[PDB]
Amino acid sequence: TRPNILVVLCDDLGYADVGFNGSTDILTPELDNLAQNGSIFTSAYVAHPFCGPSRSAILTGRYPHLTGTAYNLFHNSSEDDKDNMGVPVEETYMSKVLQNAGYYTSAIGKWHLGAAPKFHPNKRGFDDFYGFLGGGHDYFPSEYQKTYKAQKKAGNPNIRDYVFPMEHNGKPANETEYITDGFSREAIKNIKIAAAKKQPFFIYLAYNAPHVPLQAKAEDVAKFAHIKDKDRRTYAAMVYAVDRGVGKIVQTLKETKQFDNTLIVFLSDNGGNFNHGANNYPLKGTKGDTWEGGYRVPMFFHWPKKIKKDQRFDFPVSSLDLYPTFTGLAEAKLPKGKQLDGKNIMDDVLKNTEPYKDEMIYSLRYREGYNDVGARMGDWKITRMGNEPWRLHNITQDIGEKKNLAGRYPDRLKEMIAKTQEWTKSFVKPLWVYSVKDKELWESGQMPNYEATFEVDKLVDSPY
């Protein structure tokens, strides 16, 4: 009997901001209990260090550099199909694949993969959608509904999508509670629906917490009243509210007897933003970086029927693995011609085998005139940040990327740079960029200039 699949995806959760991954000040007892009863992934990576492209990769199973979606959609992006402001519809999502294999599919919370009808969740493999289409949202309906009406009362032609009414399959959601609590409430409802249907479920629970604005319930803040920094205190309360809902979700799974045969996957979509309450310790950097802190995230698998308790999986994996792993477990057939950049790791997880032995896990982030790069194989990682000289780290011994080994092992450095450059030969042009500056640089050819990105000696050689 095929398992249910529950993906709990948080938004900008820092590497050190759940108990099972080292937090000393944020309490996440429900998440910790799930993690201790499953497999914790100590080297898990998303395919891009910020929101839109990471989510594009999770659902398409491809790097955003291959689908044209490596920039975020701007807020209030176009809602007209003629404008193709969304992930290409030809790139079939794993939700549609699971849907075509008889799964009850549900998407809750944040989307950010296109606000026009052809990009809507109900058209991309989801029987049920409850959430918002853009990149973020205010958390309290009492506050943001008032603002929305008032802004209509002045005929405001550019109302921020952070205050738009949310929707349930295209109709007004009429949410009445702190939206983290509402998304938990909708997850429970959809679990009860699938149980009543005696149908396996796939639920994509995309919390916007703890993404800005930092807004939290008074009852949650009180659990952290001793934290003096206000942003950290509020951020902790936000993470705690997600934890409360996972505990309620777990109770529902047990009452409906779906707990033992549900694969629960929990992760963050990118590294924490350390300007807005997050802590990525012991990693270097912040959301958006190709330092580990940008795209290495907490993650666990929990599936009592098959994954042993107290497991730690220390081999590097990618969020790109979720697509082939889920379609495999679903016994689903892939669409003809579907290209995938990850692999099914369920067997590797059960037997503690290395899925990426002698293979690369990459990141490339476009900047204003240059690219940040990161690439890991085994214990070795190469990094370029700020267009500075290339760095080589033994990421297993130097998790903080403090000791540059490029000088001691230049052969390894250039071999890893060679493979990474070849990878960028397969890229497509971005379907959209983010800023006016971006558009100029790509039109002038100043971007992408992958050739300059993979220079090595001239960055370090003296001309004298």
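In case it trips you up, residue 1 is the first one in the sequence shown, and so on.
Between 435-443 and 392-400, the higher mean Cα B-factor belongs to 435-443. Judged by mean Cα B factor in the deposited record, 97-105 ranks above the other of 284-292 and 97-105. Within the group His120, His276, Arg365, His302, the record's highest C-alpha temperature factor is found at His120. The residue among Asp80, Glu186, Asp372, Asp269 whose C-alpha carries the highest B-factor in the deposited model is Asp80.
Remark: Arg233 belongs to the lowest third of its chain, ranked by C-alpha B-factor as recorded. The PDB entry assigns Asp11 a C-alpha temperature factor belonging to the lowest third of its chain's modelled residues. When the modelled residues of the chain are ordered by C-alpha B-factor, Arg408 sits in the highest third. The deposited CA B-factor of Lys419 belongs to the middle third of values across its chain. Per-chain ranking of the deposited C-alpha B factor places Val163 in the middle third.
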